[PDB]
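These notes concern the structure reproduced below.
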Amino acid sequence: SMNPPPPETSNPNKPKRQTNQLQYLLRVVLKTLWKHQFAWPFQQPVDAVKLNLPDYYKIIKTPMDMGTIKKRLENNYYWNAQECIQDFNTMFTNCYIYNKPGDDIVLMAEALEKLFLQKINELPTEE
Ligand SMILES: CNc1cnn(C)c(=O)c1Cl
């Protein structure tokens, strides 16, 4: 079984804007998570072929990862901050759905989610 194509990261047919919250999601949220000791498994799409996990994309129909989110933010793919927050939420939920609770990857995802929630609880004000 092949990997699926990665999620779309640009689209010239959508209007674009810079906002306080979107800037914060890249400059603070993404950048801070990216530096975490346990960020590496979440920095790019899950390579189910190399991991020999052909059931990964049988189970996970909405893949998401921080590499994709980073590109989306850089490419102004999101109009609303919540679209980006939803992508982070999806990334964590995918990990929890697919993996066994005792797996290191879940411990890692949970550590990142803790940091994520700390950062989004300090989201700046909307225009
Ligand atoms: C490299 N990241 C991985 C690898 N395997 N699985 C099952 C995952 O959920 C993740 Cl995030």
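Could you line up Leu22, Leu107 from fewest to most neighbouring Cβ atoms inside 10 Å? Listing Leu22, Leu107 from fewest to most nearby Cβ atoms yields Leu107, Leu22. Exposure proxy ranking for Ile60, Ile69, based on other Cβ atoms within 10 angstrom of each Cβ and starting from the fewest, stands as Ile60, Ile69.
In plain terms, the residue of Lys100, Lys114 with the fewest other Cβ atoms within 10 Å comes first and the most crowded comes last, giving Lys100, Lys114. The long axis of helix 81-98 is offset from the longest Cα principal axis of the chain by roughly 10 degrees. What the Cβ-Cβ distance of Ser1 and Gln37 gives, at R0 = 41 Å and to the nearest 0.05, is a FRET efficiency of 0.85. Build a GNM of the chain with springs between Cα atoms under 10 Å apart, and of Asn76, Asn89, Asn13 the one that fluctuates most is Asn13.
Cβ coordinates were reconstructed from backbone atoms using ideal geometry, including for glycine residues, and neighbour counts include every protein chain displayed. Where a number appears in this text, it was derived from the coordinates with a stated rule and is not lab data.
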